[PDB]
């Protein structure tokens, strides 16, 4: 399924990455991509790309392919692209539209998107990696909702469960310093109110109403909460690709709302999804091991 309007453009400008289809030979430059790793932080995804380059035995600079005034960054290491997506579904959708167009022009088929994020845990210890087995909205429905030309639309979320299972198996054969849990993930459209936090600038609910909401989620198999999953796992399916979420937790929301861990520990925890996924990528031809 290709957007029939694209070929009618003489040049396609990737506004948020600061380049166009005339900037590179897309087939030659990107044609070998089979994985796209993304997260909300430019610095974090940059450091992950560097880590993958070192695992690949690459001794050459990991250069940002995006323009200097672009909203997003983009790196390539062997068969993996790395991009940030900011925070929230709308921002993620911008990256998704532009990256999936890039893959199309490059002739890349059936690529795996991997979101390496952070999240609020539900009933798990901070620092736990959650492999999402479903991505749902705040009503626990496996759909991303959109309003297109002012009309409501919904798109089903589909996680690549085969890959989730491979990652769980891998974690069982590695010596990790954290637990790896497979469970459901809520995507919310704010950090505070929609996530049931009492510590925002506005709160219209009681602690009892909050607990009921979070306990219900937990009983329905939810183990973490973040802000992008329903976009990533609905969009990729519809453009012919696969997606997974691999997110660490930074707080147990059944215990509190504030992120009280140190900045150093948060950064450490945030690198854990990459620890697991990096080994997976090394074993599954994401990088060439030199």
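For clarity, a rigid core is taken as the largest C-alpha set superposing within 1.5 Å between two forms. Numbering follows the first chain given and starts at 1.
- The stretch that moves more in 4 other deposited structures of this protein, judged by CA deviation after a rigid core superposition and choosing between 36-44 and 61-69, is 61-69.
- Per the PDB record, of the two stretches 162-170 and 113-121, 162-170 carries the greater mean B-factor over its C-alpha atoms.
- In this crystal structure, the stretch out of 275-283 and 21-29 whose C-alpha atoms carry the higher mean B factor is 21-29.
- In this entry, the residue among 176, 131, 186, 81 with the greatest C-alpha B factor is 176.
- For the set 195, 91, 215, 144, the PDB entry puts the maximum C-alpha B factor at 215.
- Ranked against the other modelled residues of its chain, the C-alpha B-factor of residue 40 as given in the entry falls in the middle third.
- Residue-level temperature factors show residue 69 in the highest third of its chain, judged at the C-alpha atom.
- Per the PDB record, residue ranking by Cα B-factor puts residue 97 in the lowest third of the chain.
- When all modelled residues of the chain are sorted by CA temperature factor, residue 85 is found within the lowest third.
- When the CA B factors of the chain's modelled residues are split into thirds, the value for residue 9 lands in the highest one.
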